Amino acid sequence: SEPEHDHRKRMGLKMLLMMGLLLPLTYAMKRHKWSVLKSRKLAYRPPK
Amino acid sequence: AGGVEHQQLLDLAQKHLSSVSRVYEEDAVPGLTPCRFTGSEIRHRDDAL
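Listed in order, the protein sequences are those of chains A and B.
Per the UniProt record's numbering, the first sequence runs over residues 278 to 325.
Per the UniProt record's numbering, the second sequence runs over residues 234 to 282.
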């Protein structure tokens, strides 16, 4: 029924290792380019 | 700067500006320290200008 079964599981193992490498790095890029904004402070200067 | 004799100005500085302070009075030299540069942005927003 599934002649591709072992090749599918090998490609899935490569997929799992590559995704476990790639997800924290892309998340780190997002955290960098958004950490320019997430540390931002706002002030208000009403003249009274 | 200008039409002034250097020896005349030295005589004047010896006469007047002798003994200005010369003494730290606590042996405490105020020394300058290198300052950290910060890549940063400041945005003062007033749209009425």
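The C-beta atom is built at its ideal place from N, Cα and C for all residues, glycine as well.
For residue j and residue i, the rounded distance between their alpha carbons
i	j	result
residue 278 (chain B)	residue 301 (chain A)	36 angstroms
residue 299 (chain A)	residue 286 (chain A)	19 angstroms
residue 254 (chain B)	residue 305 (chain A)	58 angstroms
residue 265 (chain B)	residue 293 (chain A)	55 angstroms
residue 267 (chain B)	residue 288 (chain A)	55 angstroms
residue 314 (chain A)	residue 281 (chain B)	26 angstroms
residue 303 (chain A)	residue 261 (chain B)	53 angstroms
residue 240 (chain B)	residue 252 (chain B)	19 angstroms
residue 316 (chain A)	residue 269 (chain B)	19 angstroms
residue 320 (chain A)	residue 308 (chain A)	24 angstroms
residue 283 (chain A)	residue 291 (chain A)	13 angstroms
Opening and closing residue of the alpha helix (DSSP H) in which residue i lies
i	result
residue 318 (chain A)	Looking at the DSSP string, residue 318 (chain A) is not in any alpha helix (DSSP H), and its letter there is neither H nor E.
residue 277 (chain B)	It is not in any alpha helix (DSSP H) - residue 277 (chain B) carries neither H nor E in the DSSP assignment.
residue 248 (chain B)	239 to 248
Residue i: CB within 7 angstroms of a non-hydrogen atom of the ligand GDP
i	result
residue 300 (chain A)	Ligands displayed in this structure: none; no statement on the ligand GDP is therefore possible.
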